[PDB]
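Coordinate analysis (summary)
As a plain string of letters, each chain reads:
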Amino acid sequence: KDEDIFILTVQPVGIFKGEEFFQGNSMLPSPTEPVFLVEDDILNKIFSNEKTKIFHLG
Amino acid sequence: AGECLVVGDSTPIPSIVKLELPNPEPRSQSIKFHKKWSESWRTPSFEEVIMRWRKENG
């Protein structure tokens, strides 16, 4: 009935306070708040990190 | 991590508590796999004391 609706259901898995990633389901964002996709710059910091004990698996 | 369920008759509300870090901390029976593998091959001289396996039968 001429009603363009595009609704996504997402679940928080962490926070990016500062420049480091913390886990936890807290700090609910207020309504009318931007969503900005994800860039590889923050994904690398979450996953690769920097430590001797690493193991590549894809 | 570091929190426990204190459920019993000695509390009015059984709750989860943020226990502080013990001092001094006990012995940790943990073996880390990759760092030991990261070193070169362990070359054991063969004193061949399998009497560990043998004589410890009773």
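Residues numbered from 1 in each chain as written, not as in the entry; some residues may be left out. Chains lettered and ligands numbered in written order. Part of a larger assembly, values for the part shown. Heavy atoms only, no water.

Per the PDB record, the structure was determined using cryo-EM to 2.76 Å resolution.

**Regarding the overall build of chain B**
For chain B, the helix and strand inventory stands at two helices and two strands. Ordering the α and β elements of chain B from the N terminus gives β-β-α-α. For 58 residues, the compact-globule estimate of 2.2 N^0.38 gives 10 Å, and the C-alpha radius of gyration of chain B, at 22 Å, exceeds that figure by more than 25%. In terms of overall dimensions, chain B has a C-alpha envelope of 60 × 35 × 20 Å along the principal axes. Taken over 58 residues, chain B has a buried fraction of 0%. Counting only carbon and sulfur atoms, one obtains 58% of the accessible surface of chain B, whose full area is about 6700 Å². Between the averaged position of the 9 positive side-chain charges in chain B and that of its 8 negative side-chain charges there is a distance of 9 Å. (Helix = DSSP H or I, 4+ residues; strand = E, 2+ residues; numbered from the N terminus. Rg over C-alpha atoms; globule rule 2.2 N^0.38 Å. Buried < 20%, exposed > 50% of the residue type's maximum accessible area, 1.4 Å probe, protein only. Areas by Shrake-Rupley, 256 points an atom, 1.4 Å probe, with all protein chains shown as cover. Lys, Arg positive; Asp, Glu negative; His and termini not counted. Charge placed at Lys NZ, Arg CZ, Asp CG, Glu CD.)

**As for the environment of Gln-11 of chain A**
Residues and elements named next belong to chain A. With respect to the helices and strands, the residue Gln-11 is situated in the segment before α1 (40-47). Overall, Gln-11 belongs to the exposed group, its relative accessible area being 64%. Distance from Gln-11 to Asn-25, taken between C-alpha atoms, is 8.7 Å for residues 14 residues apart in sequence.

**Describing the layout of surface pockets**
All names here are of chain A. Here the largest pocket is characterised by a volume of approximately 1100 Å³. If you go around the largest pocket, you meet 27 residues; those closest to its centre are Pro-12, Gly-14, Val-35, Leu-37 and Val-38. For the lining of the largest pocket, a count of residues per class yields 19 nonpolar, six polar and two charged. Here the second largest pocket defines a volume of roughly 230 Å³. For the second largest pocket, the full set of lining residues is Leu-43, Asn-44, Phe-47, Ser-48, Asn-49, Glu-50, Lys-51, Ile-54, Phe-55 and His-56. Residues belonging to the lining of the second largest pocket are distributed by class as follows: four nonpolar, four polar and two charged. (1 Å grid on protein atoms, 1.4 Å probe; cavity = no way out; pocket = protein on both sides within 12 Å on 5 of 7 lines; lining within 4 Å. Points joined across faces, edges and corners; volume = space filled by probe spheres on them. Nonpolar A, V, L, I, M, F, W, Y, C, P; charged D, E, K, R; others polar.)

**Here's the deal with the pattern of salt bridges**
Residue and element names in this part refer to chain B. Applying the stated criterion across every chain, the model contains three salt bridges over all chains. Its salt-bridge partner being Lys-36, residue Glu-39 comes within 2.5 Å of it at the nearest N-O pair. Using a relative accessible area of 38% as the deciding quantity, one classes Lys-36 as partly exposed. One salt bridge connects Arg-42 with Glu-39, and the closest N-O pair in it is separated by 3.9 Å. The exposure class assigned to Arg-42 is exposed, which follows from its relative accessible area of 55%. (Salt bridge = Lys/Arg side-chain N within 4 Å of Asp/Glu carboxyl O.)

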